[PDB]
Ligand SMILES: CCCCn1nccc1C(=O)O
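Next up is one chain by itself, shown in structure tokens, the form deposited without the ligand.
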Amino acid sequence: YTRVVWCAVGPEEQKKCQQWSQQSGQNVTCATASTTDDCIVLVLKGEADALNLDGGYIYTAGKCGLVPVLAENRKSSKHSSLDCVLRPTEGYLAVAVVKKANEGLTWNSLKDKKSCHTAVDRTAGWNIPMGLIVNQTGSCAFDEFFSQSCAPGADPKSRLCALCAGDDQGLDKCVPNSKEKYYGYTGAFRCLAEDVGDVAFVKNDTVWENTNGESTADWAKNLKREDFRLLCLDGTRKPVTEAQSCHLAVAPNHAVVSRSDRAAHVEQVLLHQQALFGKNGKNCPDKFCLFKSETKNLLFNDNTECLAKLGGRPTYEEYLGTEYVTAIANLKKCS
């Protein structure tokens, strides 16, 4: 009854979760759905217990009564005394990234260009840049701004999915899961690296982790950081070292959500599971690492050091922050 049912989004996450379930001696077991929204429905129905979510998905889940349990914490700079599990999270930087060779593309000349998004409804990929664009254009027709896009989750016949590529067989175009070649932070950055799009909306860490040999994956292995620039809201372009002064927003960290009635038990099982399979886990890398997936960010971001306790038993609006919840609410007025 202490068994926790994780929800895997698509078949790559399902494989990873089945490995975790075998290694955990079924203390964790797996349900799978094709999209994050479908996993949120399985948790609402009580057919799964928990999954990790981007902050835009935490807004969907929290409007439905699910609660944040633990947050991803990556490597920090201040508070190094404090154990990872007890350290306040820092947010991550939402950025707009372009190629250096695409000279004279700036924030102010994005109209009619090609865009790459992590997925509809996600923080850096969609809520932050589209919220900003709707506000600045004074128009809700955000499906007409870029000439073509990959925005997984949108209608596959629309311009918002025109650049999406589907799976190895070219099926599942635009699905919001890792089967879509251009899904998520890594897929939207690959869409820009391959010059399918002109801009990608990702986070600062994705640029660094997929350049300069930080990834050995085939499409990333030869990318150089200096070949990219960030688009700043004042119309300037900066090197990717300057994200602290050239971002679109600071996003709340991805976090595990559950029904309120199972939160305490999900929390206790995850704190034990990361002791085993987390960053310096007893059985990681020997048997299984919960926070690696060959850069694919399956079930958790690969840069995750631990899942950390939340201060103040926060509601989902307190965890997201009032600035971000208000930004989302305004954007969702459009559709």
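Residues that one form lacks are left out of the comparison. C-alpha atoms forming the largest set that superposes within 1.5 Å between two forms make up the rigid core. Sequential numbering from 1, following the sequence displayed.
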- Got a sec? Mean C-alpha B-factor, which is higher, 186-194 or 232-240? 232-240
- Between 150-158 and 83-91, which has the higher average C-alpha B-factor in the PDB entry? 83-91
- Top Cα B-factor in this entry, restricted to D168, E72, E209, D121, sits on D168
- Message: Checking the record values for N204, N102, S215, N177, which has the greatest CA B factor?
- Response: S215
- Item | Entry-reported Cα temperature factor of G138, expressed as the chain third it lands in | highest
- Going by what the PDB entry lists, where does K63 fall on CA B-factor within its chain: lowest, middle or highest third? middle
- Message: Please say which third, lowest, middle or highest, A200 falls into when its CA temperature factor is compared across its chain.
- Response: lowest
- Note on the structure: Here the Cα B-factor of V250, set against its chain, lands in the third termed middle
- Message: Split into thirds by Cα B-factor across the chain's modelled residues, where does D38 land: lowest, middle or highest?
- Response: lowest
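The form solved in complex with the ligand exists for this protein as well; it is not shown, and the discussion that follows is about that form.
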- Message: Just checking whether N177 would be counted as a contact of the ligand in the bound PDB entry - the rule being heavy atoms within 4.5 angstroms.
- Response: no
- Residue contact check: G91 to the ligand in the bound PDB entry, 4.5 Å heavy atom: yes
- Within a 4.5 Å heavy atom cut-off, is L320 in contact with the ligand in the bound PDB entry? yes
- Does at least one non-hydrogen atom of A220 fall within 4.5 angstroms of the ligand in the bound PDB entry? no
- Stretch from 189-197, 109-117, 162-170, 83-91 whose residues place a heavy atom within 4.5 Å of the ligand in the bound PDB entry: 83-91
- Pick from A251, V97, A263, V256: which has a non-hydrogen atom within 4.5 Å of the ligand in the bound PDB entry? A251
- Message: Give me the residue ranges between this form and the one not shown where at least 3 consecutive Cα atoms each move 2 Å or more, fitting on the core only.
- Response: 77-79
